[PDB]
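# Report on the structure
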Amino acid sequence: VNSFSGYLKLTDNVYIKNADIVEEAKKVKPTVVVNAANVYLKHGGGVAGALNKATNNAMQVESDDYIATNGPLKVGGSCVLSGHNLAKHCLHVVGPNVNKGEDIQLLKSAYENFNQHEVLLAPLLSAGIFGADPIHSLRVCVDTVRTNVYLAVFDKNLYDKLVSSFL
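Residues numbered from 1 in each chain as written, not as in the entry; some residues may be left out. Heavy atoms only, no water. Residues with missing side-chain atoms left out of burial classes, pairs and counts.

- For this entry, the PDB record names X-ray crystallography as the structure determination method and reports a resolution of 1.0000 Å.

- The name given to the chain in the PDB entry is Non-structural protein 3, and the organism recorded there is Severe acute respiratory syndrome coronavirus 2.
- Listed in the archive, the entry goes by the title "PanDDA analysis group deposition -- Crystal structure of SARS-CoV-2 NSP3 macrodomain in complex with ZINC000002047514".

## Focus on the packing of aromatic side chains
- Counted according to the given criterion, the structure contains 5 aromatic pairs.
- On the basis of an interplanar angle of 90° and a centroid distance of 5.1 Å, the ring pair of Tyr 7 and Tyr 150 is categorised as edge-to-face. Placement of the pair is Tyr 7 in the segment before β1 (8-9) and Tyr 150 in strand β7 (residues 148-153), with a sequence separation of 143 residues. There is no split in this pair, since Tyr 7 and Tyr 150 are both buried.
- Considering the side-chain rings of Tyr 15 and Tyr 150, the 4.8 Å spacing of their centres and the 10° angle between planes classify their relative orientation as stacked. Of this pair, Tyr 15 sits in strand β2 (residues 14-18) while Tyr 150 sits in strand β7, placing them 135 residues apart in sequence.
- By relative accessible area, which is 8% here, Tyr 150 ends up buried.
- Taken together, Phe 4, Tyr 7, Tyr 15 and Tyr 150 form an aromatic cluster joined through their ring pairs. (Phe/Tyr/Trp six-rings, centres within 6.5 Å; stacked < 30°, edge-to-face > 60°. Helix = DSSP H or I, 4+ residues; strand = E, 2+ residues; numbered from the N terminus. Buried < 20%, exposed > 50% of the residue type's maximum accessible area, 1.4 Å probe, protein only.)

## Description of the environment of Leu 124
- If you trace the backbone, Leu 124 turns up in the loop between β6 (119-122) and α5 (134-144).
- Sequence separation between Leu 124 and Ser 137 is 13 residues, and the spatial gap between their C-alpha atoms is 6.1 Å.
- Leave out the neighbours within four places in its chain, and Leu 124 touches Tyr 111, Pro 134, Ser 137, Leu 138, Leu 151, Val 153 and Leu 162. (Contact = heavy atoms within 4.5 Å.)

## Observations concerning the side chain of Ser 137
- Along the chain, the position of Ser 137 falls in helix α5.
- On the accessibility criterion, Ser 137 (0% relative accessible area) is buried.
- A distance of 2.6 Å separates a polar atom in the side chain of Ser 137 from the backbone oxygen of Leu 125.
- Setting aside residues up to four positions removed in sequence, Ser 137 forms contacts with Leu 107, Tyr 111, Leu 124 and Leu 125. (Polar contact = N/O pair within 3.5 Å; in protein donor to acceptor, adjacent residues only side chain to side chain.)

## Considering the nonpolar core
- Formed by 26 residues in total, the largest nonpolar core has its most connected members in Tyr 111, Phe 114 and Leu 151.
- Those elements that place two or more of their residues in this core are β2, β3 (32-36), β5 (89-93), α4 (106-112), β6, α5, β7 and α6 (156-164).
- No other element matches the 4 residues that α5 contributes to this core.
- Discounting chain neighbours no more than four positions away, the residues touching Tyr 111 are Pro 123, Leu 124, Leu 125, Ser 137, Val 140, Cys 141, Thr 144 and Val 145. (Core = buried A, V, L, I, M, F, W, Y, C linked by side-chain atoms within 4.5 Å.)

Structure below.
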């Protein structure tokens, strides 16, 4: 049993809810929250901007030190950093950004990072301002992630379309 509430079960291991991932993280304090990161860990907008704002910019300060030491992530890659006030850890995962022309096949590689963690609270990778089709993102998630993933979908209209169209 765990602390996640109000989720619809899609598969053995994937669950979904219409929720603000920031508000969900603050309530649950999951072991892992996933950030929709870019390779520079510049948390300006979308999910990343919202998570970083909720940490009072401490996520960005930590991220700047990580990049200064290690250089940029790979598209499809990840790093584990602090979850600050939101979670024990934040898994920063880089899905391809269609608005930068990145290869959508890298979305599967991005989701493979989730398999290193038994339970995660996450957004749909490459959705929102990353430009991918969220229906596609949910399909890749279900077909790639084997660990237990609790997906938060901000937009109620999109949530209802994801559920209604789910095969």
